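Chains as they are written, first to last, in the authors' numbering: chain C, 2 to 181; chain A, 2 to 181; chain G, 2 to 278; chain E, 2 to 278; chain W, 2 to 278; chain U, 2 to 278.
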Amino acid sequence: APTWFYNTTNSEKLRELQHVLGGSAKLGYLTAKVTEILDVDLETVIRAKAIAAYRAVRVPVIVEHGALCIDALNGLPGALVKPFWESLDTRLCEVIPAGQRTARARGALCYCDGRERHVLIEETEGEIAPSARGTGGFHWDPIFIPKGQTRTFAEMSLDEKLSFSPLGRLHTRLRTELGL
Amino acid sequence: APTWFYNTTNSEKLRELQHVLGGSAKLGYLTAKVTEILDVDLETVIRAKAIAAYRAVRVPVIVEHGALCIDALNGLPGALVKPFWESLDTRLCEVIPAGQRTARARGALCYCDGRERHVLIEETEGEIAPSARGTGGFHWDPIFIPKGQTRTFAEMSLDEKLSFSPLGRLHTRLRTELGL
Amino acid sequence: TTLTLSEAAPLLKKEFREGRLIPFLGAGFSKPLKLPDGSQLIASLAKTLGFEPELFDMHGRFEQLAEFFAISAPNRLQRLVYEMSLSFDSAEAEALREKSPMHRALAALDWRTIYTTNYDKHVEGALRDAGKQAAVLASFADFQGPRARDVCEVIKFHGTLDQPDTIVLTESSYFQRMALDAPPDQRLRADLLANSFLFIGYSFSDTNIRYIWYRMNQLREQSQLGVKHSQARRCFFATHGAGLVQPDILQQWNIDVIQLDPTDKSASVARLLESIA
Amino acid sequence: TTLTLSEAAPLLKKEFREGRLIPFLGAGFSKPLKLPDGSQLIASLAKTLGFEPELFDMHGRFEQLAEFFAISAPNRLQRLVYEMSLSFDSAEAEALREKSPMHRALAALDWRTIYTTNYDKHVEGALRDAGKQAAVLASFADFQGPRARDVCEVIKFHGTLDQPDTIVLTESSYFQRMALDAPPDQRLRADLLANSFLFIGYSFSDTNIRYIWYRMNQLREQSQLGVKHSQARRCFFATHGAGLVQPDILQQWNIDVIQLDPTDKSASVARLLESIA
Amino acid sequence: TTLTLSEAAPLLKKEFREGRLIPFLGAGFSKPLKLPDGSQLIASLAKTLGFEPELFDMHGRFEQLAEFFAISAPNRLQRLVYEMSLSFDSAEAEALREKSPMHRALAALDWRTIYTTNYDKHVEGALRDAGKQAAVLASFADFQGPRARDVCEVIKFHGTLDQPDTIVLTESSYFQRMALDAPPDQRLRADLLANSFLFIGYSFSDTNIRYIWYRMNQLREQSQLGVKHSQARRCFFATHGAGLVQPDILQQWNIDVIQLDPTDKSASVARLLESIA
Amino acid sequence: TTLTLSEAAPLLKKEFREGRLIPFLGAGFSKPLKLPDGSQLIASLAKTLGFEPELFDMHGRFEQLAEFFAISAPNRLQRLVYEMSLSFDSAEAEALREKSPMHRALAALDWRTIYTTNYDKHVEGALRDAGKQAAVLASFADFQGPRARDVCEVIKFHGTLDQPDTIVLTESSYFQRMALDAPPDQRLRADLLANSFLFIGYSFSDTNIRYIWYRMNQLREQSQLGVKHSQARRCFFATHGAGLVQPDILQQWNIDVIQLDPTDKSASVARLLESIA
C-alpha cells in the first residue's frame, strides 16, 4: 500500500510523472477535483492547493502547479496558467512584442502529511518561441525554448524534456526527500 | 429602513454610487468581504458574486463587477480585474501593441433577494490610451478613452464620466427596476 | 492509531466466527448504485415555490430544507418521498446492484443482523440476489410479525421507502431520534450489550452518526456502573480518508478506524468484506 | 414572517412589564469587546504538537479539536482555559465594556434572570457598571448560596472561567448537555413554563442552539399533554441577516425572528434593548 | 558558621562548572514583581460570607483559611485560583520581570534543572526573556511529553496556575505532600542523590521548607546505610537575616547559610547569581 | 457546628458504655499542676552559652531551641530532661494532683486505654490515687512485659521522664515521628480502627496534633478503600475557645468540637468527664 498520494487532474502531467516515479511502490495516484485558487504568485498557489487537496482526500497528498513568467507581460501569465490557457492556447506567442522574448518556466510541488507543508520550486530560464512548434507536451510546451537550445519543449522527446523542464528536476528531488 | 443593500469593498465605487443613488431612502450600504471568483467571463463572475454575497449578509443584496476586454489580448483582462491590477496598474497601456488599441469597458450589476438573481449589463466601446492620463477614477479610468471623445475617464469630471461609463447607465436602470 | 486492511482482517474474523459482528451501513454503501442525491431532488421541487435550484440550496442543510417543506408545503414533502422511491429503487439501480462487488461480498456472509441508515432496498436485495432470506424491520408491525431464526434481520434505522411514515428525513425527526425511543433505537440498545459494530460508508463531518457513536459509548459505560469495569468488544469504522485528529477521538468511543485504499473506493470495501470470510 | 424593530418593540415591552422576558445571550453579544477567537488560541497551542496553525484547523470543528486535547494532551486543554481567562476577562475588555452601548442598554433594565452561553464575565460586569447587583449561577454551590430577591440572577449556561470544571467546551461535554441534566439545564426546565426568551447573538448554523430551540418547544408541548392546548408566550430571536427559509422553521419552535439593521451590528442591538424601556 | 558573598562564590562556582547546582526558588524570589499577597485576596473573598477582612485573617493561617473554602464554599476556592492567575501573571508583572536584576542574573546561566515553589510563571519567563528555552514540569502529562536535552527543566514543585488541579494551597494538600508521592516529589528523590541545592527566597519560620530540609537529609543518609559513609555535596541557603541559632541547625541538614547584604534585598541576590558566572 | 456540654454528654456516654472511648490528653490537662513552662527552663540553661533569656527565646520555637542543644551542647539537653524530671514530677505537683477535680474525674471512670502527649507521670498517678492500677507504655520493653486485662494501659505517646531516650522533644524527633514508626504510633494505627478519641488540652495552632488529626482521618479512609464506605465512630475535641473557622475544618477530620465554659478552665473539663459517668 502507498504512503504518499499524488493528486492531479491533467492527463498528460500524470503520464510524465509515471515515466519517472512510476516504479515506486509507495506512491499512489488520485484524481480528486479541488477548487483552484487563482493568483499570480506560484508560492501562494501551491501552498493553498495543499490545504484544498488534503481536505478532499485526507491522506498524505502531493500537489503540483506550474508557472510561465514573461518579462514582456511583467510576470504574466504567472501562476494564472488556467485563465490564459482557456483564452490564449498558443496565440500567446503573438500578443507579446517581438523585441523582448525572455521568460521563465517555473514549477512547484507541495507535499502535506496533515501537520506541515513542504514546497519545492524549480525554474528554467528561456525565451518564448515566435510560433507554436511541436505536439509532445502540455499547456505551453510548443512555444517555450530553454536557454541554450534552439528547440522547444514539445519538439523534444519525453526524456529530453525532463532534463530541461522544471518538473523534471522536481521529481528527482521528490524521490530523494520522500524516499520514493 | 432599507430594503436592498449594496455590497462593495472599493472606496471609490461607493463614492460614485452615492453620487447617483445616495438620496434613495431604501438602499443601504454594506462592506462585507466576500471571496472573489476569478474568471474571464463577466456574466459568470457577477452571477457567482451574488451567491457569495448573499451567504455573507443574508439580506437582499446588490453586487457589482467590471470588465475591460482588449482585442489585442483577445478579451483580456476581461472580468479578471483583480490579478491584472495587482500586477499592471497603468503599465497595461504599454504591454499591448501600438497598432490596434480598441477595447470595451463592461460592467455588471446583479441583485439577489434570495429566490432569484437578475443581471444587468452595460458596455462602452472605446480604445486604450497611449499613456496614463488623469486622476479621477478607479482601476483603468486614466487609460480608457470612449469612442467619440479625445479624453479619458479620469480626465473627466464625475458627472461627465457617469454619462459615458458603463456603471452610469447601470445605476439608472437599477433605479427604475428596483424602484429606488 | 489506524488499522490497515491486513491488520483489521483477523480482528474482524474473530468477531464474525462467534457471531458478534453487525454491519452498520451508511449512504456511501449505496454510492456505486448511481442514485440521485436527494438534495438535487429537493431543489427541483422548489421551482414551484419560486426558487432557483442553486438559490434554494443556499438557505440551509438538506434536513433543514425538508423541514421547510414539512411546515409550509406538505404536499411537496410527500412528493419528495414519492420520487425517491421511483429513483432509489428503480430497475436500473437493481441492475447495478447485481454486479456490485460490495453488495456481493456483503451477501456472501451469513450475517445475523445488519443495520443500515439509507432508505433504499438494496441491502436486503443484495441478500435476495444471493438466494438468502432477509427480514426488513422498520416499524412496530415489522417486529411483531413472525419469522425464522435462520433469516438475517435487516433493521432500517431511518425507515424504509415502502413505509413512508417511518422515514427520518425532516430535521425535527432527526432531533427526536436523539432520545432513542424508536423501535430501531430500542433494538440498538440491546445489541450494543453483546455485539461489535462495523460502520461502513460515513464521513467524519456527519454530526448525526457522531452522536450515535457518542451515545453507544455512554450506554456501554452506564451498563457497568456498579460492577467492576470489564473490557468491551471493539467496534470498527472503515474509511478511505482517515485524517489525523478524528481517529484519536474515535478510540475513546470504542471504535477503531480502518484505513482502506482510496484509489478505488468500491474495490477496497469489497476486499474488506471478503477478508472476513 | 419576520418582525422589524418597531413591530417587535410593543411585543417585547408587554412581556417585560409583567416580568416574563429573559435574555439568552450568545457569542455575538461579546463581539464589540474585541476578544480572541479561541479557534485562534487552540491553533497556536498546537505548535507544540507539531501542527501548523492552518493545518490543525483543517481536521475538524473547534469543539472537536478541544476533544483532541482532552484525551491526548490534557495539560494543553487546561492551558487553553487558562489563557482564555487572561484574554476574555482582561482589563482591555473591561474598558470596551464600559463604553459599549449594547452592554449599557442591557443593564439599564431591571431584569430578573439573564441567560448567557459565553464564558466571559461581561454580562454581570455590565450590571456592576450600572450600580446593580448580579448573582452568577454556574455550579451547584452557586445555587445553594444565599442572595436577595432584588438581585438579577445571571445563569452561566455553559460555565464560567472562574470555575473551570463547569466549562462546556469539549465535544463530549456538548453531547452530554443534550440530556439536560446540568444545574443550568434544570433551571431552564422551570423557566420555560412561565417566561418568554429573547435570543441575541446566535447564527442559524450553530446546531447547538438549534437543539435547544427544538427541545424547549418539545418541553412546552409535553407540559400540556393531558390538559387542553393553551397558547404559550412567544419567544424571540434578534438577527441581522434572517434569510428566507430559517425564519419559517423557527415559527414552529415558538420563536419569532426580529430583523435588525445590518449596517451597524452593535447599534441595532442597542436600539432593540432601549425600545423595551 | 555563616558564609558571606565572597566566601560562598568559589563554592557555588565549583558546583556549577560540573553541572550539579540546582536553584530552589521561594516566594521571596517573586518579591520585586509587586504581586498581591494572596492572604489579602482570600480576605476580600470572605466578604461574601459575612467576614470583615481583618477578622477573617484572625481565624488561622493562610493554608488553613483555604481549607475552609475547600470544604464550605468550593466555588470561592476556584475563584481564588482564578484571580491569582489574573494577578500573578499579569502584563504589569511581566514588565517588572523584564527589568528585574534577579531574574536577569538567573537566566544568564545555563541551568539544567530549576525548582520553584511559587505558582506564577516568572521563573520560566525569565528564561524566555533571555532567548532560552524552558520546559514546565508540574503534572504527569508534562513529564511524559518530549523535549530536547538542551532545554532547562523548570519543575513547579507546588503546581502551576495554568494547571489548576496541581496547585498545592489547601492545608490538607500540604499535609499529603509530606509523604512525597507527587511527580515533583519523585523527581526530587532522584536529584538529591547527585546534586547540590541553592535555596533562595525562604524564611526560617516557614515549617514547610523545614520539613523538606529535614527529609532531604534523611534520604541522603538512608541512601548510604549499608555502604561506608561518604561525604555528600553541600547545599546552600541564601538569607538576608541569618539569626544566631538557625544556621547551626541547618548545618546538620547539609545546608550552609549565606549571609547576603540586607540593605538592598534584590541587589544582593543578583550579586550572588552573577558571582556563579 | 459546635457541641455544648449537655449536647455532647449522651454522645460520649454511648461510646463509653461499649468501651470505645479513648482520652488523648495534652499539655493543657497538666495546667492546674502549676508546672514550669520548659521554655523558661531552656532559656535559663542558655545563660552558660552567653544568651540572655529573652534573647535566646527570640531565635525560634521551643523544639527548635532544643535542636540547638542536641547538636551544639549535648550535655545541656540532658540537663534539660534532668530538671524537668525534678520539676514536673515533684512532690508539690503530686499534692496538687490529689485535689485536682480534672484528675479525679478522669480516674473515676474505668478506662481501657488512655493516650497522653505530656512527659509527666500525673496521668497514671491520678489512677493510682483512686486505687486503680495503670500500666505505662512508652518503649518496646514496656509492651513486651506482662500485665492483666483489668489494668488500664496508659500509652505515653511522646515518651516518659523515667525513660529519657523515649522523649520526643527535639525538632528532628518530631519530624521523624510523622512517619508513625514508633511503638506508640503502631498502637495508634490499630486503635483508630475500632475506637473514638476524646482530645483534651490542645490548641488549634499546635501544628503537630493537626498532622495527627489529618493522618488519623487518612488512615480511616485508607482502611476502607476497596469495600463500601461505612460510617466511622466520631472523635471529639474539648475546647474553651472554639473560634469560627477551625471547628469546620475539624468536621472533615472526623472530629466534633465541644465548647466548654471558658470562665473556669479546670471546672468545665471536670464537668465533661463526670457527665460520661
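Idealized CB from N, CA, C, for every residue including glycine.
N-terminal and C-terminal residue of the alpha helix (DSSP H) that residue i is part of
i        : result
C:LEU89  : Run containing C:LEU89: none; DSSP gives neither H nor E here.
A:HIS172 : 167-179
G:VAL137 : That residue, G:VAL137, is in no alpha helix (DSSP H); its beta strand (DSSP E) goes 135-138.
W:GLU19  : That residue, W:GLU19, is in no alpha helix (DSSP H); it is neither H nor E in DSSP.
E:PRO75  : 75-89
G:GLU53  : Segment: none, G:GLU53 is in no alpha helix (DSSP H) and carries neither H nor E.
U:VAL169 : Per DSSP, U:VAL169 belongs to no alpha helix (DSSP H) and is neither H nor E.
G:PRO102 : 102-108
Minimum C-alpha distance to residue i - residue among the options
i        : options                               : result
W:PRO184 : W:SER91, W:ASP58, W:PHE141, W:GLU93   : W:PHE141
G:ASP186 : G:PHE70, G:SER31, G:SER173, G:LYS157  : G:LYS157
W:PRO263 : W:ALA271, W:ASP257, W:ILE256          : W:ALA271
W:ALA109 : W:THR117, W:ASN255, W:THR118, W:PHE17 : W:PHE17
W:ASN209 : U:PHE176, U:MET217, U:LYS229          : U:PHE176
W:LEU34  : W:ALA92, W:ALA135, W:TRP254           : W:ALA92
C:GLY138 : C:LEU159, C:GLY67, C:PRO131, C:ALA130 : C:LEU159
G:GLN79  : G:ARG211, G:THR167, G:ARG216, G:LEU12 : G:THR167
A:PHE85  : A:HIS140, A:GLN19, A:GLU13, A:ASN75   : A:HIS140
U:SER86  : U:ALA233, U:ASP121, U:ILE115          : U:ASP121
A:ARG102 : A:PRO131, A:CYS111, A:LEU89, A:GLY115 : A:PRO131
U:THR2   : U:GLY27, U:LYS266, U:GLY244           : U:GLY244
Check whether residue i and residue j have beta carbons under 8 angstroms apart
i        : j        : result
U:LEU181 : U:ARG190 : yes
E:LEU97  : E:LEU274 : no
E:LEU162 : E:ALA67  : no
G:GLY242 : C:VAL60  : yes
A:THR91  : A:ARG105 : no
E:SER40  : E:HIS123 : no
C:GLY135 : C:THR153 : yes
W:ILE43  : W:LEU81  : yes
C:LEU93  : C:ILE144 : yes
W:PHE237 : W:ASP257 : yes
C:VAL62  : C:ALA54  : yes
C:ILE71  : C:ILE47  : no
W:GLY202 : W:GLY29  : yes
W:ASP130 : W:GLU99  : yes
Unbroken beta strand (DSSP E) run spanning residue i, endpoints
i                    : result
W:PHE237             : 236-240
A:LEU110             : 103-113
residue 1 of chain A : Beyond the ends of chain A as shown, which are 2 and 181, falls residue 1 of chain A; an answer cannot be given.
A:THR125             : 118-129
E:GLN260             : 256-260
#### Entry: Proximal residues, the segment 206-217 of chain G versus chain E, C-beta separation under 9 angstroms
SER206, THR208, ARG211, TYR212, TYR215, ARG216
### Query
Which residue spans inside the segment 184-247 of chain U form an unbroken alpha helix (DSSP H) run of at least 4?
184-192, 210-223
### Task
Just list the alpha helix (DSSP H) runs in the segment 113-155 of chain G, keeping only unbroken ones of 4 residues or longer that don't cross its boundaries, in chain order.
125-130, 141-145
### Message
Which residues of the segment 231-253 of chain E have a Cβ closer than 7 angstroms to any Cβ of chain A? Give them in chain order.
### Response
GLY242, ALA243, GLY244, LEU245
### Query
In chain order, which beta strand (DSSP E) runs of at least 3 residues are fully inside the segment 7-82 of chain C?
28-31, 62-71
### Query
Given a limit of 7 angstroms on CB to CB distance, which residues of the segment 60-80 of chain E reach chain G?
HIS60, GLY61, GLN65, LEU66, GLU68, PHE69, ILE72, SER73
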